[PDB]
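Summary of the model geometry
Residue strings, one per chain:
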Amino acid sequence: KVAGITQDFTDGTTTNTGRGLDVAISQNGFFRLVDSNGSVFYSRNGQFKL
Amino acid sequence: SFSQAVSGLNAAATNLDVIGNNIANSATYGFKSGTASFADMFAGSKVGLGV
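Residues numbered from 1 in each chain as written, not as in the entry; some residues may be left out. Chains lettered and ligands numbered in written order. Part of a larger assembly, values for the part shown. Heavy atoms only, no water.

- Its PDB record attributes the structure to cryo-EM, giving the resolution as 2.86 Å.

This is the structure we're talking about:
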């Protein structure tokens, strides 16, 4: 039987792209984004525009 | 299945068309480079769907 499909929350490598508005967390943490409707989400992909 | 593989197989062609355009335009005088950015897909289940 399958008890579940579940994630692995380790950390990969880090590639310097040399841009300005690009952040990368090194350990536990999440960026907190807010939707248009007013919902709240938590993410880790850190490439932003303005 | 096949759809999850063909999604990645299709996403790895725009990411070569963009690089080929950059390589060709690397001679001009005001060109700005282009890059692509991918995101995954997730339906109501827990197994993913691709790129």
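What follows continues from the structure just given.
**A word on the overall build of chain B**
- When helices and strands are tallied, chain B shows 1 helix and 0 strands.
- A compact globule built from 51 residues should have a C-alpha radius of gyration of about 10 Å, whereas chain B, at 15 Å, is more than 25% larger.
- Its C-alpha atoms give chain B principal-axis dimensions of roughly 50 × 20 × 5 Å.
- The 51 residues of chain B split such that 6% are buried.
- About 4200 Å² of surface is accessible on chain B, with carbon and sulfur atoms providing 61% of the total. (Helix = DSSP H or I, 4+ residues; strand = E, 2+ residues; numbered from the N terminus. Rg over C-alpha atoms; globule rule 2.2 N^0.38 Å. Buried < 20%, exposed > 50% of the residue type's maximum accessible area, 1.4 Å probe, protein only. Areas by Shrake-Rupley, 256 points an atom, 1.4 Å probe, with all protein chains shown as cover.)

**Some details on the pattern of salt bridges**
All names here are of chain A.
- Taken as a whole, this structure holds 2 salt bridges over all chains when the rule is applied.
- Across the pair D11 and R44 runs a salt bridge whose closest N-O atoms are separated by 3.5 Å. Of the two residues, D11 is situated in the segment before strand 1 (31–34) and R44 in the segment after strand 2 (40–43); the sequence distance between them amounts to 33 residues.
- Across the salt bridge formed by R19 and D22, the nearest N and O atoms sit 2.9 Å from each other.
- Judged by its relative accessible area of 54%, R19 is exposed. (Salt bridge = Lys/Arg side-chain N within 4 Å of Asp/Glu carboxyl O.)

**A look at the environment of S1 of chain B**
Residues and elements named next belong to chain B.
- Among the structural elements, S1 can be located in the segment before helix 1 (3–25).
- Here the alpha-carbon distance between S1 and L49, two residues 48 residues apart in the chain, equals 9.5 Å.
- Polar side-chain contacts of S1 include one of 3.0 Å to the side chain of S3. (Polar contact = N/O pair within 3.5 Å; in protein donor to acceptor, adjacent residues only side chain to side chain.)

**What about the pairing of strand 1 of chain A?**
All names here are of chain A.
- Bridging between strand 1 and strand 2 involves 4 bridges; their strand directions are antiparallel. For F31, the partnering residue across the bridge sits in strand 2 and is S43.
- Joining the antiparallel neighbours strand 1 and strand 2 is a turn of 5 residues, in which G38 adopts a positive phi near 120°. (Pairing = 2+ DSSP bridges.)

**Looking at the side chain of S7 of chain B**
Residues and elements named next belong to chain B.
- Summarising the element assignment, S7 is placed in helix 1.
- Classification of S7 by relative accessible area gives buried; the value is 13%.
- In this structure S7 touches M41, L49, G50 and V51, once residues within four positions along its chain are discounted. (Contact = heavy atoms within 4.5 Å.)

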